[PDB]
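Protein chains in written order, with UniProt numbering: chain A, 1 to 219, 230 to 250; chain B, 2 to 205; chain C, 2 to 245; chain D, 6 to 248; chain E, 44 to 262; chain F, 34 to 257; chain G, 11 to 251; chain H, 20 to 215. Data block below; observations after.
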Amino acid sequence: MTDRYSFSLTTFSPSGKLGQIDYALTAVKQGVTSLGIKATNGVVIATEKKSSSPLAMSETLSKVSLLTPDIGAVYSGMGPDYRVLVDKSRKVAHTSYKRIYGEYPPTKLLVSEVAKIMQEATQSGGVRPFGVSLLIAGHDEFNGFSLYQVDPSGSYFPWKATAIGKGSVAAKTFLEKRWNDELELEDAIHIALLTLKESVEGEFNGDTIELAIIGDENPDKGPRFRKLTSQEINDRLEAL
Amino acid sequence: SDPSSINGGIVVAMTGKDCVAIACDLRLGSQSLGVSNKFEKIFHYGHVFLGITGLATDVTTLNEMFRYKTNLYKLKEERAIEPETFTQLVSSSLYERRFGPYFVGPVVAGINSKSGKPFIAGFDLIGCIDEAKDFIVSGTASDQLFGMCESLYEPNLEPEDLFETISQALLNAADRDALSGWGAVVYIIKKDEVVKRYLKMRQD
Amino acid sequence: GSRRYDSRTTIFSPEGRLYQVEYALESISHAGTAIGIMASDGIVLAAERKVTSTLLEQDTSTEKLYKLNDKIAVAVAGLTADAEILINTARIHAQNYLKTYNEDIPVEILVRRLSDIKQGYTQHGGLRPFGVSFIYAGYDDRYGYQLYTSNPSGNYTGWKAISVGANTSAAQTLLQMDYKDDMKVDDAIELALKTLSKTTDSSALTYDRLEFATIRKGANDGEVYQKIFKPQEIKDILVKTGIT
Amino acid sequence: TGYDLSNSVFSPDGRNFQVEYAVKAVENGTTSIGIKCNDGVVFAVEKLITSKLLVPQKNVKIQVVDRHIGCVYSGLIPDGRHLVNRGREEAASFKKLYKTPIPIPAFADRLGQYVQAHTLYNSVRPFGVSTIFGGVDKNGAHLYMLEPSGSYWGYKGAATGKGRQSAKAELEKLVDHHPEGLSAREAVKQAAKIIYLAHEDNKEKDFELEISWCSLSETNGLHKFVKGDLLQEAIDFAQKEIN
Amino acid sequence: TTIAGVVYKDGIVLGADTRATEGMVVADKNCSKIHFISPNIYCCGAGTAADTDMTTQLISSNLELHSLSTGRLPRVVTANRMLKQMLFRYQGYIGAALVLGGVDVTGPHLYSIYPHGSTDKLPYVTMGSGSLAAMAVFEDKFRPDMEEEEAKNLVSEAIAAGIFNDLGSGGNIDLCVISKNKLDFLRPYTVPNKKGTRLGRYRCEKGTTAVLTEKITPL
Amino acid sequence: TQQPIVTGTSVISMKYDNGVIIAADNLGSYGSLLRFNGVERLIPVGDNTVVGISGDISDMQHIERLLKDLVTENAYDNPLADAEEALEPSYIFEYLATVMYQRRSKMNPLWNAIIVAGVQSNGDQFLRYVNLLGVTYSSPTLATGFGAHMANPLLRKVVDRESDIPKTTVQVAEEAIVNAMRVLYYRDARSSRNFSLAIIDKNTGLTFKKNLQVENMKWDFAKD
Amino acid sequence: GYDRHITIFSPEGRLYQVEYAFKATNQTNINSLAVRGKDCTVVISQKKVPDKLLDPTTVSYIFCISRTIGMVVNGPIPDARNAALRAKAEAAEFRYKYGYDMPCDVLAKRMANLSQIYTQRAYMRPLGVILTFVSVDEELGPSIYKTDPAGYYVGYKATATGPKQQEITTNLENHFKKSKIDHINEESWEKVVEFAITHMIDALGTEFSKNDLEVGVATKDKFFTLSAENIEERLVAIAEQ
Amino acid sequence: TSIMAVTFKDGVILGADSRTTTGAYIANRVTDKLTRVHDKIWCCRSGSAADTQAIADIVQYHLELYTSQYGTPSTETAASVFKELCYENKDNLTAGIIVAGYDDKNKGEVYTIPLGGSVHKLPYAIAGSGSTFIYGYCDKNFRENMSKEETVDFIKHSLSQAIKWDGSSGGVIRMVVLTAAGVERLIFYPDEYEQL
Ligand SMILES: *[C@@H](CS(C)(=O)=O)[C@H](Cc1ccc(CN)cc1)NC(=O)[C@H](C)NC(=O)[C@H](CC(C)C)NC(=O)[C@H](Cc1ccccc1)N=[N+]=[N-]
Ligand SMILES: [Cl-]
Ligand SMILES: [Mg+2]
Ligand SMILES: [Mg+2]
Ligand SMILES: [Mg+2]
Ligand SMILES: [Mg+2]
């Protein structure tokens, strides 16, 4: 055993394309639809719990993950790749930030750290890029509420609202019509549930949908991240 | 021999009503020999002030180190560091040399720009935080400053009342220490103005 | 073994070119145009964002213009992630220099350093180069106002006005036509926006598709101030110069 | 295609062709066998006499590990030696820490994990040997056989090399005709016979028989080579059975 | 420093004084010595203060990451192990002397952790320079399976014993009550000493200090 | 650098006409405490060598394993392991001597004095000493620690030079050794009555004698 | 076409080496099944000893990882043992560092994160195995968690693995659709094993003797495998009703 | 500290006092010095509490991992792992450990590991500061193949004396019985043993 792959597996082709990044983006395209919407007093992120079998307990598989008390993440693409990014994001939020400054990182900086990890898989020796796009929603004291997208390249963009994966082209058009700068959090959740219904084929309820918010503090502070329960989603589906 | 009392000097910080004050002497020596009477011990990184007593090479080193770190902090965060955050940074930085420490006695002072709350703090040489509202003292005449501050201080002083309190605490403590004095500086810090005054004191 | 899968990123072609550098430049040619113009009393950085939707949060967005220290800024063309790796390295070199000499880093020294890093990826290590071209806008008390560019090869050069990214051929002709040595910042602002307005692949140039910045000594008591323009300010300067 | 050019590559079947090519080297080698008896194990091997210039009884193929384990292999002989060297390091470190001599199942996995490790990367070649090994531990006798893939199982009898099918058929008869079990001295005789019968597959050249054994009663649980009178008694028994 | 803990019927009561000293001088009269490890586990700290603060912070941080990955509340034994194995590795040079108390899925647990990496699992413990004063109170009055308000009183009484009789200890009494149903962080629980009242005003009047020069800069 | 904790005392030995004798008491002292009364300090290697060890007992147990391991390793790929390529006293000694000096040179010694007694392939008597410093020497009589001061003087009266070895029978040599063990028991405060003795003869082979005792003890003059 | 030889993306966004490792999974031609009782978790697997020379006692694809955790493997035995040794090591290290027994799901996630690494790093191949972990967790109760070559993992109410997994899966799905509960409502593990065997017989359409099965049972504070005679007793009870 | 392990007919019994002192202060008076490294392999600890705890935890780990791979380890194997740690780290450790365990094959076995890192297999073993005072008593009163009740009384009387004379020892006498029947924990309070 010598890890002899000390050379890049992602290289520029004659056209200027980075093949493996483009292919990672194709993998993200095949993945299940997830979206994020930013309100004035909160952010919402949502995705479909695509259950691999009905015998499988889909509650154990969390697509929406808490990174810090005030930051949450969701993805489209390869689940195992997402899982290890969440592990590293949580850790970097302690090592390179909380242990130094005594507080959690702001959304943009934690996003920047995740982006860095994904960029390194795009240039380091003997690795393929991550096959996921992330949507990171968060709050911090000086920037307020924010929503970011992070791609396999390591590129990240802030969004008012967006969607990624399967039905993202159709979902982004749907959001463009419904979004305004005076949405309340409940209005954004309502729009998220509408937008997500278009891309879902089968059952559409609290057990097949995962949805979380960055909002008010839930009782030093309380955490602004909150994952909505199966019951809380179903209640809002009756007013749909 | 004792690194914390080769070069000498002192720092004191106090809170007031919507203000903080931090002050220091100007002496640098080699034990008995006085060398410089222009060695200031208070530095600032944005609106957060940092006094540092102790071994002067470490004072200079830590100043340069916190300037470095707070500059990168500002570039990344897109905002100036706050006193509460900086205090934690100092503590971390000091403790990462736990078994070969900087021979220093730092003192943070500043006003939180968002909340408006006056903030001070102190540390031992390995970064344990003294987090007191009233006053923080440091240096070769720390005992003297503790005595002066405990009897002179009272809460919620106006900026120019506080000036007289901190100045008299510094001056009278320094005059009972061989290795402190040779001049003094007092910063009066308010939410959006800072007054720096040099004091007239005995030059022995 | 592994040799089978090795692209060999650090080799010459038979013509004496570095394959990956050339292909990285091809990558950069598709990136949004960035322009730097140096006047006697300041420097302008202007750059065009790309793809953009109505839903992109512009005021908290930074893909083109970054700050290295209080005296030096960069405009980016290429992979934004790659640039951010290099930017954080540059930001450290400036602070290491400040810590060592107690003076701000001279612009050329910082530029050489980054450029030397880029060069290293073309000569050793077997890794792909950084798909980034920088325009460095900066000031120091030796040479005053300076514009530089670097590219994936690690080669850097000084300029009075320059473009990188898309349509640089067209952009450089238009700048070469209208630039003059006695020019001032307000005029250079106008030249930069007029050049982008003609070279853009979009239908029209709007505030939401631009990042903009100036480095002026034009401040009270002869000190250098960096101004990264806010969305509303870019909209005002577009109306002022008469583009919208 | 190209899936067979590199080790540790899955073909579209789910196979590692380089390992299967290592098996071809094993099948090309001389016959070796193992027989589990009442209180121990017997190992035997066919040694092809390429020339008259080979010194008889000198080029020994069966190797001892620790003092209680015998190893024999078919295929690339140096690869077998490399594996036994590793086995000796494993058995040594086990005894150093845990005091007791390494158990045979414990030892079997040590080799197994090491051989399997050489199917995980393209920077190494798989082992070109099937290895038959075993001995006596606190839980009694154990016979194992270990393939290039890292696969191994416990056996009543084992056989590998060019004469494996011939040998296997003979081993299967012994298993059927002796359900109550085979004695250690019986197993030495039977081992000789089976190597002699399996020599029909390598019949061009003549050969030299080499036998070893561990038995709780006959060798005090230690690995010993069958020598002199007992070896000749086994050769005579084998020569009688072919005629 | 006087820190103490007891196991009572429903859970754990931790206690601590509030005097932080440098040599003979009191630097802080109200300094917090009860630290957060996890939501169900707290740690009283004695010995070298920096070591106490940073050791608890690091194990708290690592337990947070552990608890995020497992998705369940951390246990006192894992807090105990992580502190223990670290302190042992550093052979006593990290001068952290902790009273670790918390409530698990397996019930309430109380530990004393020493700088060298030894731990005792006990129904009551005391540490710091006032441990003997506090331990006298526990040997006098402790019994197993106490009610909450009784245990609160016993710990408070033990910390008080340290406050008055030990010079290293002083200030207020902090408690931390941990059970399955709640966490009560009581700071301060008691103020056994009033701040000494000063009879004169010694503050100087404006213009009394002699200034050489002045500078004003706005922000 | 360490200090020895549980210790063994004198190992004594001599050459005679056909071979060598070696002996050592069965005690593991723990300072002044006579802690362990069943410790074997003569450790045979094959049928032609006995290694007698004094000093630290944990380090002796380590050396015991190194020798046990050496036998195993010599048997590997060695068809003549019980014949021409068996371990020799001189091989076993040189190994130990290398180890002892290597360890002292890393400032981490095995805290022992060792005597390797045996008979070689060609019938030659082998008797050589090595200690924690790597110091080696041979003599017709060898003894470690206390025995060097009391056993050697008595044993040298039997074999004073090389030319006395052929004149000394096994009975005379064994009597001398057993006599010396009695003298050591009277006078060594860290010795014991119970001992082991080993004869390695070129004809009769290795004879290992356990549970011997010092007897014929003169105490009667005490009463006066 | 070197995108099929190592773990890098094909133009479709696919990792062919991961997919081919999934195919290696069924190379043994063995079907496993796992179900949960009230107090227990039962795992059964087909046992095939084709050679008469094999010692049938050493032919096993069920592993005792810790005292509480059992692991059945669908895939070749060398990769199975690679995974078994690592899981054992991880479970022991966990107990040392953190002072309590490694939970079933935490191990499953750990092994899954390792499996993920082989799908991203080029020098390491994926293991051609599916790992089904079982325990009676002291917090979560009866637990079934499964890991594959992709690095995916998930908890199960019940599961099945192998060539005929879909038949077994649908058989189990249909039973739980009737009962409307996540488990086998049964007190004794003996009867949960009888259920597991019965529903495999129905799904596969094959009768079993004592030597054709291999059974693992997790209870509170221990996981154990059944002997041939313990299984025979189980088969007698099935036949008698 | 006063600790001992004694083999008898049905197996082996470990015994210990419960006092841990910091100088003259009794830090813990109810210490459990009998610690379990496997089902029926236990150890008595003496020396540095930090060291003996750290060792015992490492041993437990090694024997847990041994069991996962090779089944139940022998008592000899446990003693070997203890030894390996104690011997190889003798310069940085102060640990005097008695190892005791019950196999069905070997029955009761006692191994003592003193400061050096040497191993000694014995019918019974005594250790700790209080052991000095009972060498005489234990030697005179120990017999092989005692009954369970005789061995409990032998340990109780012995440690009673060790406690009486040694200030470093005291509190309750804990015992752990290891037989085929299982694992039994016994405790004996001052009011019982002092009047012996
Ligand atoms: C009481 C501990 S005692 C007297 O040993 O029982 C107390 C506990 C305590 C205080 C503060 C906190 C804060 N979160 C937590 C726990 N500890 C002390 O009083 C302790 C001895 N004091 C300090 O550590 C002190 C804190 C300063 C902020 C005043 N720092 C020092 O005394 C350093 C110590 C030191 C120097 C060099 C090397 C190692 C340790 N003093 N100095 N210099
Ligand atoms: Cl992991
Ligand atoms: Mg003075
Ligand atoms: Mg003077
Ligand atoms: Mg791979
Ligand atoms: Mg006593």
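Every residue, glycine too, gets a C-beta built ideally from N, C-alpha and C.
{"Asked": "Let me know if residue 202(H) comes out buried or exposed under the rule of 16 or more other beta-carbons within 10 Å of its beta-carbon.", "Found": "exposed"}
{"Asked": "Taking beta-carbon pairs under 9 Å, can you tell me which members of the stretch 88-120 of chain B lie near chain A?", "Found": "88, 89, 90, 92, 93, 94 and 115"}
{"Asked": "Using a Cβ-Cβ distance under 8 Å, would residue 13(D) count as near chain J?", "Found": "Reference to chain J is not applicable here, since the protein chains of this structure are A, B, C, D, E, F, G and H."}
{"Asked": "Anything in chain D within Cβ reach of residue 89(H), meaning under 8 Å, just list it in chain order.", "Found": "108, 110 and 111"}
{"Asked": "Residue 182(H): beta carbon under 7 Å from a heavy atom of ligand 6?", "Found": "yes"}
{"Asked": "Could you name the residues that DSSP lists as bridge partners for residue 234(G)?", "Found": "227(G)"}
{"Asked": "Would residue 53(D) count as contacting chain H if we go by Cβ distances under 8 Å?", "Found": "no"}
{"Asked": "Roughly how far, in whole angstroms, is the beta-carbon of residue 108(E) from the beta-carbon of residue 94(A), given that I think they are within contact range, below 8 Å?", "Found": "6 Å"}
{"Asked": "So, residue 147(C) versus residue 155(C), is the Cβ gap smaller than 8 Å?", "Found": "no"}
{"Asked": "Step through the CB atoms of chain C and report whether any lies within less than 8 Å of the CB of residue 16(G).", "Found": "yes"}
{"Asked": "Among residues of its own chain, excluding the 5 on either side of residue 185(E), which ones have a beta-carbon nearer than 6 Å to its beta-carbon?", "Found": "167"}
{"Asked": "Is residue 92(F) near ligand 6, going by C-beta to nearest heavy atom under 7 Å?", "Found": "no"}
{"Asked": "Could you name the residues of chain E that residue 110(G) contacts, counting a contact when the two beta carbons are closer than 7 Å?", "Found": "118, 120 and 121"}
{"Asked": "If the cut is a Cβ gap below 7 Å, which residues of chain G does residue 54(A) touch?", "Found": "183"}
{"Asked": "Quick check on this structure: which residue in 194(G), 41(G), 75(G) and 122(G) has the alpha carbon closest to the alpha carbon of residue 210(G)?", "Found": "41(G)"}
{"Asked": "State buried or exposed for residue 148(H), treating a residue as buried only when at least 16 other CB atoms are found within 10 Å of its CB.", "Found": "buried"}
{"Asked": "What is the DSSP secondary structure of residue 248(F), reduced to helix, strand or coil?", "Found": "coil"}
{"Asked": "Does the Cβ of residue 164(F) have 16 or more other Cβ atoms within 10 Å, making it buried, or fewer, making it exposed?", "Found": "buried"}
{"Asked": "Determine whether the Cβ of residue 230(E) lies closer than 8 Å to any Cβ atom of chain G.", "Found": "no"}
{"Asked": "Go ahead and pull the three-state DSSP assignment for residue 183(D).", "Found": "coil"}
{"Asked": "When we look at the beta-carbon of residue 259(C) and count the other beta-carbons within 10 Å, is it buried (16 or more) or exposed?", "Found": "Past the edges of chain C, shown from 2 to 245, lies residue 259(C), and the structure says nothing about it."}
{"Asked": "Please classify residue 158(D): does DSSP put it in a helix, a strand, or coil?", "Found": "strand"}
{"Asked": "Take every Cβ of the stretch 212-223 of chain C, pair it with every Cβ of the stretch 157-175 of chain C, and state whether three or more of those distances are shorter than 8 Å.", "Found": "no"}
{"Asked": "Going by Cα to Cα distance, which pick from 95(E), 214(E) and 69(E) is closest to residue 79(E)?", "Found": "95(E)"}
{"Asked": "Can you look up residue 161(H) in the DSSP assignment and give me helix, strand or coil?", "Found": "coil"}
{"Asked": "Under a CB-based cut-off of 8 Å, is residue 99(E) close to chain B?", "Found": "no"}
{"Asked": "With a threshold of 8 Å between beta carbons, is residue 126(D) in contact with chain A?", "Found": "yes"}
{"Asked": "Run the CB neighbour count on residue 57(H), radius 10 Å, all protein chains shown included, and call it buried at 16 or more, exposed below.", "Found": "buried"}
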